[PDB]
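Quick notes on the structure that follows.
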Amino acid sequence: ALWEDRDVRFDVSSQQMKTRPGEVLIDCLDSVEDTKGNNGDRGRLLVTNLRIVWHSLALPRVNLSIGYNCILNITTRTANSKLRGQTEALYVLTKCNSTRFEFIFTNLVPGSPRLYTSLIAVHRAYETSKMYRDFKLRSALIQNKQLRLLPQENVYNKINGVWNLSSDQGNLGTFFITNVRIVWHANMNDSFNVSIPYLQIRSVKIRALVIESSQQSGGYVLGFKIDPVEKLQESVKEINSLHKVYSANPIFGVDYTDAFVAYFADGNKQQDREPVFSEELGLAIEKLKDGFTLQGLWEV
Amino acid sequence: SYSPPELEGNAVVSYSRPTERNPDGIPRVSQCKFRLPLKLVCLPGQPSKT
């Protein structure tokens, strides 16, 4: 399963620190050091298609893997004046499994590194290319009775009369089978459309056509009925063949244990209490601790 | 009008050696001396006596 773009893992196995099949390395830099962990441990930073991997370069057991669908704030800090060269630093701020992590990567060699620009550029491409690798409902996929193609996408076939076995009135639609996703859009109300990428499709079969999607990012059961069963099985064949040829090398469309405690963005806190309503402020505020109050926390 | 205290001359050069600690290099300085000819600030004349 694909996790290198979805999670933030610590002390990764040397087999998972290696390029996943669809992944490609983009850039690298040596002597990068790990701050927000005050071990002084030199290392090496690597920016890949889907994530940033830091490893100690002396004891590669201790290392970090941060996915791009987990980073919220990527900033560059150019500081550290004449005393030495400008040791540029990088500040990554992430939210994984409902917890805020903060990583500081300091380039010990005084030169300014070109890695910190490629990082942000590939992260921008990742965020702007999520139509390749995610499930989308009722989005803007059709200009005028015609699909809108991704950067790396070719439409393979276009089937008509494709009903949707999830509604009852807006059913008669069109089905585009591509090399990156299968989409269905209604004839009337062309804003009723679905787009399932092969990365999410887990099993295509007939039951009259059923797509079962990955339970790791929402397990949906999408059913479509076609009038001639011949075209039905033909489309099933095409879809499954495309799924397997995509599975061998994923595209991804990107154009170009207790150690985690030390990397808290908040600080000694990893879970937010339940948001309740505060009658004092008139806003939704997270549930207060036992003794504390709003006016006792506001004062200094 | 007056004559210089010495006909010497100095040429000083200052450069930077690029090293591993500092990529702008240690500053270093070396100098050389030359000796100008007496016939720049002098000519023959009538020799006085006392």
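Same order as they appear, the protein sequences are chains 5 and 9.
According to the authors' numbering, the first sequence holds residues 6 to 212, 219 to 267, 296 to 339 in order.
Under the authors' numbering, the second sequence is numbered contiguously, ending at residue 543.
Where is the CB? At the ideal position from N, CA and C, for every residue including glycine.
Quick check: residue i and residue j, are their CB atoms within less than 8 Å of each other?
i                     : j                     : result
residue 75 (chain 5)  : residue 11 (chain 5)  : yes
residue 209 (chain 5) : residue 142 (chain 5) : no
residue 179 (chain 5) : residue 169 (chain 5) : no
residue 140 (chain 5) : residue 205 (chain 5) : yes
residue 165 (chain 5) : residue 183 (chain 5) : no
residue 171 (chain 5) : residue 230 (chain 5) : no
residue 242 (chain 5) : residue 219 (chain 5) : no
residue 521 (chain 9) : residue 510 (chain 9) : yes
residue 60 (chain 5)  : residue 48 (chain 5)  : yes
residue 207 (chain 5) : residue 225 (chain 5) : yes
residue 319 (chain 5) : residue 336 (chain 5) : no
residue 113 (chain 5) : residue 92 (chain 5)  : yes
residue 262 (chain 5) : residue 174 (chain 5) : no
residue 526 (chain 9) : residue 499 (chain 9) : no
residue 26 (chain 5)  : residue 260 (chain 5) : yes
residue 85 (chain 5)  : residue 22 (chain 5)  : no
Please list, in chain order, all residues of the same chain as residue i whose beta carbon is under 7 Å from its beta carbon, the five residues on each side excluded.
i                     : result
residue 155 (chain 5) : 136, 137, 185 and 264
residue 28 (chain 5)  : 9, 53, 54 and 55
residue 309 (chain 5) : 104 and 303
residue 90 (chain 5)  : 115 and 116
residue 44 (chain 5)  : none
residue 535 (chain 9) : none
residue 250 (chain 5) : 182, 187 and 209
residue 508 (chain 9) : 521
residue 152 (chain 5) : 146, 160, 181 and 188
residue 518 (chain 9) : 509, 510, 511 and 512
So what does DSSP say about residue i, is it helix, strand or coil?
i                     : result
residue 166 (chain 5) : strand
residue 214 (chain 5) : Residue 214 (chain 5) falls within a stretch that is absent from the model, since chain 5 runs 212 to 219 with no residues between.
residue 133 (chain 5) : helix
residue 161 (chain 5) : strand
residue 27 (chain 5)  : coil
residue 262 (chain 5) : coil
residue 299 (chain 5) : helix
residue 217 (chain 5) : The residue list of chain 5 ends a segment at 212 and starts the next at 219, so residue 217 (chain 5) has no coordinates to report.
residue 255 (chain 5) : helix
residue 95 (chain 5)  : strand
residue 211 (chain 5) : strand
residue 237 (chain 5) : coil
residue 122 (chain 5) : helix
residue 42 (chain 5)  : coil
residue 518 (chain 9) : coil
residue 127 (chain 5) : helix
residue 18 (chain 5)  : coil
residue 509 (chain 9) : strand
residue 337 (chain 5) : helix
residue 62 (chain 5)  : coil
residue 308 (chain 5) : coil
residue 526 (chain 9) : strand
Please work out which residues of its chain come closer than 6 Å, Cβ to Cβ, to residue i, disregarding the five sequence neighbours upstream and downstream, and give them in chain order.
i                     : result
residue 70 (chain 5)  : 14, 17, 56 and 58
residue 257 (chain 5) : 203
residue 248 (chain 5) : none
residue 312 (chain 5) : 325 and 326
residue 147 (chain 5) : 190 and 195
residue 51 (chain 5)  : 33 and 58
residue 317 (chain 5) : 324
residue 505 (chain 9) : 524
residue 149 (chain 5) : none
residue 35 (chain 5)  : 49
residue 38 (chain 5)  : 47, 111 and 113
Can you find a C-beta in chain 9 that's less than 8 Å from the C-beta of residue i?
i                     : result
residue 118 (chain 5) : no
What does a CB cutoff of less than 8 Å around residue i pick up in its chain, not counting 5 residues either side in sequence?
i                     : result
residue 344 (chain 5) : Coverage of chain 5 is limited to positions 6 through 339, which leaves residue 344 (chain 5) absent and any answer about it impossible.
residue 79 (chain 5)  : 95, 96, 97, 98, 124, 125 and 128
residue 543 (chain 9) : none
residue 130 (chain 5) : 265, 266 and 267
Looking at chain C, is there any beta carbon in it that lies within less than 8 Å of the beta carbon of residue i?
i                     : result
residue 146 (chain 5) : Any reference to chain C falls outside this structure, whose protein chains are 5 and 9.
For the segment 504-516 of chain 9, which residues have a beta carbon sitting closer than 9 Å to at least one beta carbon of chain 5? 514, 515 and 516
Taking beta-carbon pairs under 9 Å, can you tell me which members of the segment 87-117 of chain 5 lie near chain 9? 89, 90, 114, 115 and 116
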